[PDB]
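Just the one chain here, the form deposited in one PDB entry, laid out as structure tokens.
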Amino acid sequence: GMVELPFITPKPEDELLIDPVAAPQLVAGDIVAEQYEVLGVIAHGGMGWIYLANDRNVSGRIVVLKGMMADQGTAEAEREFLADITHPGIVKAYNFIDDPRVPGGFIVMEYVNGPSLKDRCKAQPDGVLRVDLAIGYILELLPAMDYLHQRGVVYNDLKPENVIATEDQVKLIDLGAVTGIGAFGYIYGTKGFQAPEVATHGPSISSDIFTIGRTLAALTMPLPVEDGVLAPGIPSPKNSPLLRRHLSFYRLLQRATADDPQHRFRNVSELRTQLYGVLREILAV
């Protein structure tokens, strides 16, 4: 139920860093946890700067240092679960470390070398991908979402910017947003992509299904933005020539983003069947 994605050449190592909101707390050459030699920063996020480093213990390995969200037994089990995720469509978690210069500590994860799907969209004149390519990217990441779901776990923050296209693959990079199905407390989704029921009922496979539909919509068509947030709903075929030509695609997007979670696709496999069917229709005509 997957297709062939174009090969995306990774960036050379001498082109991975940006030029440094506040100044970074670490700079090139700094040694973290006596294992990681800092190379620089690759982005500034809500948790502060996100660093790139050499892992000295593993030959050739480049890692990402990202701030962690600041009862040891429970925290130990959650860290071991992240570390043991085996699926190649998900970024690897290598370590969880502290540092006297960064109070919150770092999660140490695999550096995925490639553009995000948002980056690919921004390189187009219409700011969107061709519909067959966007569907192919979603089909490619569905095994990774399902791997989590079948282990009682959800990704919560799927959006074009945390799916990275590398080589002929895509990887999910947002390990920090993962929670158990039905987890209590505040869930770190993104408004405009997150399902409406999460803030009151907790996350579920159905709320992940919702973010997949919003992500696919964002990859393929312009979406109205209100106050920095993608407005709710799917554009109408009356307003979108893409949807008027592919009415089954419009229907799929509405079902995946149904206000009532019970009306959405029940799991990733049900979504894949219809999604691959929409693609074959588009490629047939």
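In this text, rigid core is short for the largest set of C-alphas that superpose within 1.5 Å between two forms. Residue indices: 1-based, along the sequence shown.
Below, we refer to the form deposited in another entry, which is not included among the displayed structures.
Rigid-core-referenced C-alpha movement of 2 Å or more between the shown form and the other one, selected from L242, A28, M47, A258: That would be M47.
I164 C-alpha relocation of at least 2 Å between the shown form and the other one, rigid core basis: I164 C-alpha, core-superposed: shift of less than 2 Å.
Is_shifted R101 between the shown form and the other one (CA, 2 Å cut-off, rigid core): The answer is yes, as the C-alpha of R101 shifts between the shown form and the other one by 2 Å or more after core alignment.
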